[PDB]
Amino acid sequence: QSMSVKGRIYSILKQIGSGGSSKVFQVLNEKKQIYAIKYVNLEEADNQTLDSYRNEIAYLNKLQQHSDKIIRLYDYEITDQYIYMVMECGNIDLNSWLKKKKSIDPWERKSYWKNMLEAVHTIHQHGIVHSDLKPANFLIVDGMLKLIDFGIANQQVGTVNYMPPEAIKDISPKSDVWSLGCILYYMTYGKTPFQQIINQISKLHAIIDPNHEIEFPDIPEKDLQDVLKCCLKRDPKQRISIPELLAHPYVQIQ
C-alpha cells in the first residue's frame, strides 16, 4: 500500500500495532528510510478526547528537544477526520522483549533503568506525571530505551501490577517512581511484586496493605535490591525521588 503525510509519500511495510481508533504502521519514505506512522481516526471523537490528543502531541513535539530518551516526532498532519504522525521506528517494545527474552543481562538492565529514569525525569521537569507506566510504554531503539507516550491522551492495557497504592486509594511524581520500581522488579525477579495474586480485588488489597510484606530475594547486586526496596515504599512521602535515583550507587558505580 501507500500514504501521504504533508507533501511526502510513505510506502506501508507492516502494521506495527493498534488501538481503538488508532493503527501504527512501519513505513518507508521516498529516500527509502524507515519510520512509524501512527494513524488516529477522529470520526467518533469528542472535544475532551480531541483536546487530550492535541495536548499529548504538543507535549511530545516540545519535550523531544530536551531528551533523546523520548521518541522522535518528525512530522504530523491533523485534520477534523484524522491524525498522521511520522515518528521514529523502534526495534521492539520493552514488554514484548521481556516476555520473549529468558534472563536479562545485569548491564542491559542497569542501562535500561538509566534510560527510564532520564525519560520520566524529563516529563516531570515539564509538570507531567505519567501515572500509567508499564514496559509497553518503552521502546528499544538501538539498545536504547525510549518513552512512547506521556499518559495525557485518552485510552498490555488496563493492568494493575504497576499501580501505586495512592492511585488505588482514590498522584505526584512519586507515583511514576512506584511504577518504575515494578518494571525493574520484573527485570530483576522475572515477575511484578504482586503477579502471584490472580484475583484483582485481592491484588488491589495486597498493594495497599502495609502488613503485606513485599519479598526481595537476595541477588548478587545489593545496590539493585536497595533501589527496589526504595521505589516500592507504599507511603509516597517515604519513597525515593527520581533526582535521588539518578545519584544512587546502582546508576553511578562500576
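Numbers for residues come from their place in the sequence shown, where the first is 1.
> Indicate yes or no: is residue 157 absent from the model in at least a third of the other PDB entries of this protein that were compared?
Missing in at least a third of the others, so yes.
> Is there a break between residue 170 and residue 171, and how many deposited residues does it span: none, 1 to 3, 4 to 9, or 10 or more?
Count of unmodelled residues in between: 10 or more.
> Please say, as none, 1 to 3, 4 to 9, or 10 or more, how many residues of the deposited sequence are without coordinates in the interval between residue 81 and residue 82.
In the deposited sequence, nothing is left without coordinates between these two.
> Tell me which stretch, 59 to 67 or 211 to 219, has the higher mean Cα B-factor listed in the entry.
Comparing 211 to 219 with 59 to 67, the higher average CA B-factor belongs to 211 to 219.
> According to the deposited model, is the average Cα temperature factor higher in 115 to 123 or in 161 to 169?
Taking the mean C-alpha B-factor of 115 to 123 and of 161 to 169, the larger value falls to 161 to 169.
> Just the C-alpha B-factor column, please: which of 35, 53, 39, 194 has the biggest number?
The record points to 194.
> Between 100, 72, 130, 174, which one tops the list for Cα B-factor in this entry?
That would be 100, according to the entry.
> Where does residue 247 sit by CA temperature factor within its chain: lowest, middle or highest third?
According to the entry, residue 247 has a C-alpha B-factor in the chain's lowest third.
> Could you say whether, by C-alpha temperature factor, residue 156 belongs to the lowest, middle or highest third of its chain?
Highest third, going by the recorded CA B-factors of the chain.
> Quick check on the deposited entry: does the C-alpha B-factor of residue 104 sit in the lowest, middle or highest third of its chain?
Top third by C-alpha B-factor.
> Just say lowest, middle or highest third for the CA B-factor of residue 238 relative to the other modelled residues in its chain.
CA B-factor rank for residue 238: middle third.
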